[PDB]
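> can you look at this? It's an experimental structure, sequence on top.
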Amino acid sequence: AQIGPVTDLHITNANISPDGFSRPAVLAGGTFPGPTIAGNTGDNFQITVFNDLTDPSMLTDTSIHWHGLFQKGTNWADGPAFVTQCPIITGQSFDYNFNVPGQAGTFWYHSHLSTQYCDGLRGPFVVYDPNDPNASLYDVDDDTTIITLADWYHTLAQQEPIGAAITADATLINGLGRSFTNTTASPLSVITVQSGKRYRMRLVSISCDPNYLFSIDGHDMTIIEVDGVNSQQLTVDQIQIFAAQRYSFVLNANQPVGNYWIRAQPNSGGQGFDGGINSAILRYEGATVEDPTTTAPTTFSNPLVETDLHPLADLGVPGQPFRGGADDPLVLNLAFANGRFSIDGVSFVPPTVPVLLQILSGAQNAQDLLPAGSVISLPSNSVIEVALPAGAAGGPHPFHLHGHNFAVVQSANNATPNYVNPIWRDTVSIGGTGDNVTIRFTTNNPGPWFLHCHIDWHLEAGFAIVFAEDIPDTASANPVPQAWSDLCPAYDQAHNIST
Ligand SMILES: *[C@@H]1O[C@H](CO)[C@@H](O[C@@H]2O[C@H](CO)[C@@H](O[C@@H]3O[C@H](CO)[C@@H](O)[C@H](O)[C@@H]3O)[C@H](O)[C@H]2NC(C)=O)[C@H](O)[C@H]1NC(C)=O
Ligand SMILES: *[C@@H]1O[C@H](CO)[C@@H](O[C@@H]2O[C@H](CO)[C@@H](O[C@@H]3O[C@H](CO)[C@@H](O)[C@H](O)[C@@H]3O)[C@H](O)[C@H]2NC(C)=O)[C@H](O)[C@H]1NC(C)=O
Ligand SMILES: [Cu+2]
Ligand SMILES: [Cu+2]
Ligand SMILES: [Cu+2]
Ligand SMILES: [Cu+2]
Ligand code: NA
């Protein structure tokens, strides 16, 4: 069952074996992935998060981010530790109480403390639209049509060297999959469809690192949503999905009744499908209960290319149709050396006082804010352009901005910008050497918004900056509840920190 929009959510430790290997984890709702949190557009969500964690090897503190939800007027509820809150300590709870005006689509939630979400705290978050403009394109859209793609590690996250190339041990599709080494024939996930029906498959990358080449043997996929943004219909036979991205696609159950492989090939870790790694099963009602015998093609003839996507609505692009054609045009210098990432020469290390609390205490320019050199102020009611030229080791890096979606004016592997009708999204691959992926948005949401690579190991190694958007209006725009004001005293007391 789905839970929400008003619900408790318990965060616990437990042993799980999603690939046949047992390890302890950090779980929401007792499962991996966590339960789907759902509601309708414009609803009030009140997710009362109970931190019941006791195993220090995966951290006993926590904080949860609602990925892709703008949090306008509720920056305090966004979740990134030491940006918008101090962590929730064990034995305490915290009500994330916010609204989702003007958004409908496929989202997710995850820990936003250190690398904790890799240890299991990740789940889907769906905001349905009772008047969805895409409703007539499918018959079925429910918890059974959500498809999660996850990397899974046998080593606990707090034992992964910082700045290292860290590699997974299994791909999990809907929480199940087989290990790349010492492979055992553990259960594969089954997605069941009825011949002749059309399904809104909600594809969610809950990855900590790899991107996946996703396909379904014998089927194609008609994209209708990208990171919460409705798209024109685009039919593809493969989707390369980077960490934290989402797509909705229509699956037409129009092939013979039978069993078909669902494939998710990561860019690192196990290659291919030997022993049923990187796999799940599409089963038609009435098919024999047996593994598929289908083949992938050698090459995919209609892969997704990001510049082929266009919004369903006339969203346009803010600003002027040339590089630098914005009120506040930025170019970030994105680098890696010696185990640490940097942005504009500064490696991110979380501050002791959350950025939002520094601003509410009266710090009002970005040079007064800690960490020094990690906070960039943005002016209010202005067009922002951010160029993100690639080249730093460990790519391709999927960059994500909190508080906002953005027009993708220039995509990976294509030097041509689009100032007319690019897709809007919230997490974008910045590509390869010599690329100049560029985003634009307008500043109508006061508060400190994280910008970072969504490969969680990279964030931990410093690949982040904070956009302090409209510092002067942050306090009036974001009134804070007493329970939020209580978090930093409680946290600092528990950890013997003075501030
Ligand atoms: C990606 O696109 C951005 C624009 O969105 C390019 O930024 C431009 O970069 C050049 C330097 O590479 C800048 O010109 C330089 O400016 C300094 C003065 O600040 C001057 O001392 C240098 O002689 C040179 O003129 C320019 O200001 C900047 N912005 C623009 C053109 O709008 C960036 O180079 C592109 N990166 C890649 C890898 O393609
Ligand atoms: C590289 O990225 C550029 C920019 O996003 C892509 O260029 C765009 O290509 C589209 C598709 O061909 C062009 O739209 C077409 O316009 C024609 C002529 O008006 C119209 O008859 C078609 O109905 C269609 O809309 C679009 O104008 C063009 N934009 C720019 C700024 O060049 C390009 O396709 C990408 N390259 C690859 C290999 O995908
Ligand atoms: Cu996220
Ligand atoms: Cu986010
Ligand atoms: Cu990265
Ligand atoms: Cu983040
Ligand atoms: Na425009």
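In hand now; what should we look at? Numbering: from 1, shown residues only. Ligands and ions are numbered 1, 2, ... in the order given.

> may I have stretch 164-176 as PDB, with CA atoms only?
Output of stretch 164-176 as PDB, limited to C-alpha atoms (Å, rounded to 0.1, in the frame of the first residue of the first chain):
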ATOM      1  CA  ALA A 164      37.500   6.500  -4.300                       C
ATOM      2  CA  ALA A 165      35.900   4.800  -7.300                       C
ATOM      3  CA  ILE A 166      33.500   2.800  -5.300                       C
ATOM      4  CA  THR A 167      31.700  -0.200  -7.100                       C
ATOM      5  CA  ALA A 168      28.500  -1.900  -6.400                       C
ATOM      6  CA  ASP A 169      27.800  -5.600  -5.900                       C
ATOM      7  CA  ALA A 170      24.300  -5.900  -7.400                       C
ATOM      8  CA  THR A 171      21.700  -4.100  -9.400                       C
ATOM      9  CA  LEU A 172      18.300  -4.200  -7.800                       C
ATOM     10  CA  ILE A 173      15.100  -3.700  -9.700                       C
ATOM     11  CA  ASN A 174      12.100  -3.200  -7.400                       C
ATOM     12  CA  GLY A 175      14.400  -4.200  -4.500                       C
ATOM     13  CA  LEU A 176      15.600  -7.600  -6.000                       C
END
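
> and that stretch, how far from the chain's centre?
Centroid separation between stretch 164-176 and its chain, computed with C-alpha atoms, centre = their mean, to the nearest Å, is 16 Å.

> next one: stretch 477-496
In terms of C-alpha atoms, centre = their mean, the centre of stretch 477-496 is set 26 Å apart from its chain centre.

> what does stretch 285-292 give?
33 Å.

> now tell me what touches it from outside.
188, 192-195, 217, 257-261, 276, 281-283 (C-beta atoms under 8 Å, 6 or more residues apart in numbering). No exception for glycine: its C-beta is placed from N, CA and C like everyone else's.

> nearest to ligand 6: which residue in the stretch 301-450 of the chain?
With C-beta to the ion, the shortest gap between the stretch 301-450 of the chain and ligand 6 falls at residue 450, namely 4.4 Å.

> could you look up the SS state of that residue?
What DSSP: H, G, I helix; E, B strand; the rest coil gives for residue 450 is strand.

> you'd agree it is up against residue 81?
No - judged on C-beta atoms under 8 Å, residue 450 makes no contact with residue 81 at a distance of 10.1 Å.

> before we move on, back to that, closest to ligand 2 out of the contacts of stretch 285-292?
If you rank the contacts of stretch 285-292 by distance to ligand 2 using C-beta to the nearest ligand atom, residue 217 comes first, at 25.6 Å.

> contacts only, for the closest one.
By C-beta under 8 Å, 6+ apart, residue 217 lies in contact with 260, 261, 262, 263, 282, 292, 294, 295, 296.

> which parts of this structure are helices?
Shown for the chain, the helices assigned by DSSP state H span residues 355-360, 456-460, 471-477, 482-485, 487-494.

> one step back: buried members of the contacts of stretch 285-292 into ChimeraX, please.
The ChimeraX command for the buried members of the contacts of stretch 285-292 (criterion: 16 or more other C-beta atoms under 10 Å) is given here:
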select :188,193,217,258,259,260,261,276,281,282,283
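
> okay, the helices of the chain in CSV with distance to ligand 3 next?
Listed next are the helices of the chain as CSV, based on distance: least, C-beta to the ion, whole Å:
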stretch, distance to ligand 3
helix 355-360, 18
helix 456-460, 9
helix 471-477, 22
helix 482-485, 20
helix 487-494, 20
